[PDB]
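Chain A is the first sequence line, chain B the second, and so forth, proteins listed ahead of strands; every chain is numbered from 1. Atom set for the values below is all heavy atoms of this structure, side chains included, hydrogens, waters and symmetry mates excluded.
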Amino acid sequence: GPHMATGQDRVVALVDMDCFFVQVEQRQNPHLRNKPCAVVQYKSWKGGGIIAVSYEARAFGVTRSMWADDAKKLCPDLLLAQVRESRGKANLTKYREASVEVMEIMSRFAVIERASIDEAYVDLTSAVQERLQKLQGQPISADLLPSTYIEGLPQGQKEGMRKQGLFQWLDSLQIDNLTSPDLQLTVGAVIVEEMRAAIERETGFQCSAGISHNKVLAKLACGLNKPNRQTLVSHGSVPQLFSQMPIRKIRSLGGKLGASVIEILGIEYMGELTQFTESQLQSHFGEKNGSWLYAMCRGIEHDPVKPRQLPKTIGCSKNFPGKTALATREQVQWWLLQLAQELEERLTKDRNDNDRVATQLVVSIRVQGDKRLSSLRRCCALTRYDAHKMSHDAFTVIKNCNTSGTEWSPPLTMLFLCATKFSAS
DNA sequence: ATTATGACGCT
Ligand SMILES: [Mn+2]
Ligand SMILES: [Mn+2]
Ligand SMILES: [Mn+2]
C-alpha cells in the first residue's frame with residue numbers, strides 16, 4: 001500500500017512534429033499547404049517511395065513506405081515533393097537543419113533528448129516545480145490548455161468533447177496540494193502548450209505532444225490525438241487505457257518480443273500483463289524485459305530523459321536493390337567515394353557547430369541474396385575528415401568479401417558508412 | 001524495388 005511506489009515522480013513530455021518532412025516542404029512551397037501531399041525519395045522506380053504524408057493525404061489511405069504511383073491511385077490530386085539528390089543519393093540536409101531549429105527552441109524550456117529527426121523527450125519536473133511556486137496556489141484555467149486532451153475523459157462535435165473532458169479534469173483538480181501528481185501533469189501540459197506555440201511561432205511547424213510521468217506513456221499519449229494536439233495521460237487513466245491497448249502499440253513491443261509476449265502468455269492487451277508475477281515475466285522474457293514489463297503494464301517506467309540534443313553517430317547509406325547491385329571494383333569504389341564525400345561534408349559541419357570529432361568509421365555492406373540487413377560490419381580508425389581516405393579505408397576493410405578472380409561477387413545491395421565515437425574538440 | 005538513417009541490447 002503505502003510503500004508501492006507508483007512512478008509519478010517525474011513529468012515527461014514527448015513532442016513530435018506532424019508529418020515533419022511534408023511540413024518542411026510546405027513551409028518552403030506555399031502551393032503545397034493544406035493539400036494532400038507527400039514527400040518521396042527518387043522518382044524512377046514506381047514514382048519513388050513515400051516517406052512522409054500530410055494528414056489530408058492520409059485521409060485517402062496514403063501511407064509511408066508506399067510507392068508514389070500507387071498512392072496516386074488512391075489520391076490522384078496528391079502533390080509530391082522530392083528529397084534533394086546529391087552525388088547520386090538522397091540528401092536529407094534540409095530536414096536535419098529544420099530539426100535543429102525545432103530542437104533549439106524546445107531546449108529553451110527544458111533539457112531534451114533527441115529521439116529522432118522529428119521528435120524529442122522533455123523532462124519537465126523542475127520546470128513544473130518552478131511554475132507551481134510561481135502561481136502561488138492559483139488555479140489552472142482551461143484557457144491555458146487550448147489544445148490539450150485529457151485521456152479517459154469525459155466519463156459519466158470533437159472540440160465539444162475535448163472541452164468537456166478538460167472541464168471535468170480541472171474541476172477535479174486539487175490546486176492547493178503542490179505535490180499532487182495530477183496537478184503536476186497539468187502544469188506540465190500548460191508549459192507544453194507554450195512550447196508548441198513557440199515552435200509554431202518561430203518555425204511555422206505544427207506538432208503534437210504527450211504529457212505523462214515517463215517516456216513510454218508520453219510517447220503513447222502523443223499519438224492519441226494527432227495532428228496539432230497534445231494529450232495528458234494521467235496515472236489514473238492507465239488501467240482503462242491499457243485494458244484495450246494492443247501490446248504492439250507500446251514502444252519496443254512492436255516487433256518480435258511483443259509477438260512472443262502475445263503468443264507465450266496467450267494475451268492481446270497491455271492490461272492483461274498485470275495478472276502475471278514479475279518472476280513469471282522474467283522467466284519468459286529475461287530479467288530486464290521482465291522487470292520492465294511488470295512495471296510498464298502498471299504505468300511505471302524509469303528510463304530517464306537523457307540530456308542529449310545531438311545525434312551520437314553520423315551516417316550515410318544507400319541501397320542498390322535488384323539489378324543495380326554493384327558488381328565491379330570501379331563501382332564499389334565510386335559509391336564509397338560518394339558516400340564518403342557526403343559524410344565528410346556533414347562531419348566538418350558537425351565539428352564546427354558542435355565542437356566534436358568522430359574517431360571511428362563503421363563500414364556496413366549487404367551482399368545480394370544475403371538474408372541479413374547487414375551482411376558485414378567492420379570498423380576502422382577515423383583520423384582525418386577526408387573523403388578520399390575514408391572511402392579508401394572502407395574499401396581496405398571490406399575488399400575480402402569479393403570472391404571474384406576486377407569484378408565484385410556477390411554483388412553489393414547496400415553500402416553504409418557511419419562515423420561514431422565522438423570526442424570533444 | 002518502399003529507402004535512409006539512428007538508438008540501443010546482447011555477447
Ligand atoms: Mn512525426
Ligand atoms: Mn510516423
Ligand atoms: Mn516521429
>> Test your reading of the model: is there a side-chain donor-acceptor pair from A/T328 to the backbone of A/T406, 3.5 Å cut-off?
In response: no

>> Can you see whether A/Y294 has A/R298 sitting over its ring - NZ or CZ less than 6.0 Å from the centre and within 45° of the normal?
In response: yes

> Hey, do the aromatic rings of A/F395 and A/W335 have their centres closer than 6.0 Å?
Replying inline: no

> Can you tell me if CG on A/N352 sees more than 12 non-hydrogen neighbours from other groups inside 6.0 Å?
Replying inline: yes

> Considering residues at least two apart in sequence or located in another chain, which fulfil the side chain to side chain donor-acceptor pair (under 3.5 Å) criterion with A/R366?
Replying inline: none

>> Quick one, A/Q230 with A/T148, criterion side-chain hydrogen bond (donor to acceptor under 3.5 Å, both in side chains). Give me CA distance, side-chain angles, the key distance, then yes/no.
In response: CA-CA 5 Å; A/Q230 57 181 65; A/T148 297; 2.8 Å; yes

> Given A/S208, which of A/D18, A/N228, A/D16 fulfils the side-chain hydrogen bond (donor to acceptor under 3.5 Å, both in side chains) condition?
Replying inline: A/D18

> What distance separates A/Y149 OH from A/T231 OG1, expressed to the nearest 0.5 Å?
Replying inline: 8.0 Å

> Can a donor-acceptor pair be found between the side chains of A/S391 and A/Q333 at a distance below 3.5 Å?
Replying inline: no

> Under 6.0 Å from the CD atom of A/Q240, do we count more than 12 heavy atoms belonging to anything else shown?
Replying inline: no

> How about A/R196 and A/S147: does a side-chain donor come under 3.5 Å of a side-chain acceptor?
Replying inline: yes

>> Would you say the rings of A/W292 and A/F285 are close, in the sense that their centroids are separated by under 6.0 Å?
In response: no

> Who passes side-chain contact (heavy atoms from CB on, under 4.5 Å) against A/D393, sequence neighbours left out?
Replying inline: A/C380, A/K389

> Which heavy atom of A/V238 sits nearest a heavy atom of A/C297, and at what distance?
Replying inline: CG1-O, 4.5 Å

>> Quick check on side-chain hydrogen bond (donor to acceptor under 3.5 Å, both in side chains): which of A/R33, A/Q82, A/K94 does A/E25 satisfy it with?
In response: A/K94

> Quick check: are there more than 12 heavy atoms from other residues, nucleotides or ligands sitting under 6.0 Å from CZ of A/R108?
Replying inline: yes

>> For A/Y269 and A/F242, I'd like to know if the aromatic rings sit close, meaning centre-to-centre distance below 6.0 Å.
In response: no

>> I need the A/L293 CG to A/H284 NE2 distance, nearest 0.5 Å.
In response: 11.0 Å

> Taking the six-membered ring for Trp, are A/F20 and A/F205 parallel (under 30°), tilted (30 to 60°) or perpendicular (over 60°)?
Replying inline: perpendicular

> What is the minimum heavy-atom distance between A/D370 and A/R372, and which atoms define it?
Replying inline: OD1-N, 2.7 Å

>> Looking at every non-hydrogen atom in both residues, tell me the closest pair between A/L232 and A/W169 and how far apart they are.
In response: CD2-CZ2, 3.8 Å

>> Is it the case that over 12 heavy atoms from other parts of the model lie below 6.0 angstrom from the CD atom of A/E287?
In response: no

> Is A/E330 atom CD crowded by more than 12 heavy atoms from other residues, nucleotides or ligands, each under 6.0 Å away?
Replying inline: no

> Taking all atoms of both residues into account, what is the closest heavy-atom pair of A/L78 and A/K72, and its distance?
Replying inline: O-NZ, 2.8 Å

